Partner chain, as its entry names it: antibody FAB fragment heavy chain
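What follows is a single chain, given as C-alpha coordinates, in the form solved without its partner chain.
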(Lines give C-alpha, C1' and ligand atoms only; values in the text may rest on other atoms or scores of the structure.)
Protein backbone atom coordinates (compact mmCIF):
# COMPACT_ATOMS: atom_id res chain seq x y z
CA UNK A 1 0.00 0.00 0.00
CA UNK A 2 2.55 2.58 -1.18
CA UNK A 3 0.06 4.00 -3.67
CA UNK A 4 -1.84 5.15 -0.61
CA UNK A 5 1.15 7.50 -0.46
CA UNK A 6 0.66 8.59 -4.07
CA UNK A 7 -2.88 9.88 -3.56
CA UNK A 8 -1.53 11.61 -0.46
CA UNK A 9 0.93 13.73 -2.46
CA UNK A 10 -1.74 14.45 -5.05
CA UNK A 11 -3.89 15.94 -2.36
CA UNK A 12 -1.15 17.80 -0.49
CA UNK A 13 0.14 19.36 -3.68
CA UNK A 14 -3.33 20.56 -4.66
CA UNK A 15 -3.63 22.01 -1.20
CA UNK A 16 -0.18 23.61 -1.40
CA UNK A 17 -1.33 25.09 -4.69
CA UNK A 18 -4.53 26.62 -3.41
CA UNK A 19 -2.60 27.30 -0.25
CA UNK A 20 0.31 28.88 -2.08
CA UNK A 21 -2.06 30.47 -4.59
CA UNK A 22 -4.25 32.26 -2.09
CA UNK A 23 -1.21 32.71 0.18
CA UNK A 24 1.13 34.29 -2.39
CA UNK A 25 -1.46 36.69 -3.90
CA UNK A 26 -1.75 38.55 -0.64
CA UNK A 27 2.04 38.46 -0.13
CA UNK A 28 2.59 40.20 -3.50
CA UNK A 29 -0.56 42.12 -4.40
CA UNK A 30 -0.07 45.86 -4.00
CA UNK A 31 3.73 45.84 -4.18
CA UNK A 32 6.00 47.14 -7.02
CA UNK A 33 6.37 44.98 -10.15
CA UNK A 34 3.61 42.77 -8.85
CA UNK A 35 2.21 40.49 -11.56
CA UNK A 36 0.79 38.04 -9.03
CA UNK A 37 -2.00 40.54 -8.45
CA UNK A 38 -5.21 38.57 -8.91
CA UNK A 39 -5.86 35.16 -7.28
CA UNK A 40 -6.66 33.51 -10.69
CA UNK A 41 -3.22 34.52 -11.95
CA UNK A 42 -1.44 33.24 -8.83
CA UNK A 43 -3.35 30.01 -9.20
CA UNK A 44 -1.88 29.49 -12.68
CA UNK A 45 1.54 30.43 -11.42
CA UNK A 46 1.44 27.70 -8.75
CA UNK A 47 0.83 25.18 -11.48
CA UNK A 48 3.54 26.70 -13.67
CA UNK A 49 5.79 26.61 -10.62
CA UNK A 50 5.12 23.18 -9.12
CA UNK A 51 5.72 21.64 -12.58
CA UNK A 52 8.77 23.88 -12.87
CA UNK A 53 7.81 24.66 -16.45
CA UNK A 54 8.54 28.23 -15.38
CA UNK A 55 7.37 29.97 -18.59
CA UNK A 56 8.21 33.03 -16.54
CA UNK A 57 5.17 35.14 -17.44
CA UNK A 58 4.52 35.28 -13.69
CA UNK A 59 6.81 35.15 -10.63
CA UNK A 60 7.39 36.61 -7.11
CA UNK A 61 9.23 39.86 -6.37
CA UNK A 62 8.57 40.06 -2.64
CA UNK A 63 10.97 38.41 -0.21
CA UNK A 64 7.85 36.60 1.01
CA UNK A 65 6.25 35.62 -2.25
CA UNK A 66 9.53 33.94 -3.01
CA UNK A 67 9.09 31.69 0.00
CA UNK A 68 5.59 30.73 -0.95
CA UNK A 69 7.41 29.78 -4.13
CA UNK A 70 10.11 27.55 -2.74
CA UNK A 71 7.46 25.65 -0.86
CA UNK A 72 5.31 25.21 -3.97
CA UNK A 73 8.26 24.04 -6.05
CA UNK A 74 9.72 21.51 -3.64
CA UNK A 75 6.14 20.35 -3.08
CA UNK A 76 5.62 19.50 -6.73
CA UNK A 77 9.15 18.27 -7.32
CA UNK A 78 8.65 16.02 -4.30
CA UNK A 79 5.13 14.88 -5.14
CA UNK A 80 6.07 13.81 -8.68
CA UNK A 81 9.39 12.39 -7.54
CA UNK A 82 7.21 10.33 -5.22
CA UNK A 83 4.89 9.05 -7.93
CA UNK A 84 8.04 8.17 -9.86
CA UNK A 85 8.94 6.10 -6.81
CA UNK A 86 5.62 4.23 -6.70
CA UNK A 87 5.79 3.47 -10.44
CA UNK A 88 9.19 1.90 -9.90
CA UNK A 89 8.67 0.07 -6.57
CA UNK A 90 5.74 -1.49 -8.40
CA UNK A 91 7.94 -2.68 -11.29
CA UNK A 92 10.14 -4.47 -8.78
CA UNK A 93 6.87 -5.97 -7.57
CA UNK A 94 6.44 -7.95 -10.79
CA UNK A 95 10.21 -8.39 -11.07
CA UNK A 96 10.23 -10.45 -7.83
CA UNK A 97 6.73 -11.70 -8.64
CA UNK A 98 8.16 -13.86 -11.38
CA UNK A 99 11.55 -14.58 -9.76
CA UNK A 100 10.30 -15.23 -6.21
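Residue numbers count along the first chain shown, from 1.
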Do the C-alpha atoms of 88 to 96 or of 75 to 83 have the higher average B factor in the entry? 88 to 96
Compare the mean C-alpha B-factor of 53 to 61 with that of 40 to 48 as given in the PDB entry, and name the stretch with the higher value. 40 to 48
Lowest, middle or highest third: where is residue 16 by Cα B-factor in its chain? lowest
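Unshown form deposited with its partner chain bound; subsequent notes refer to it.
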Sequence order please: the residues of 71 to 100 with a heavy atom within 4.5 Å of its partner chain in the entry with it bound. none
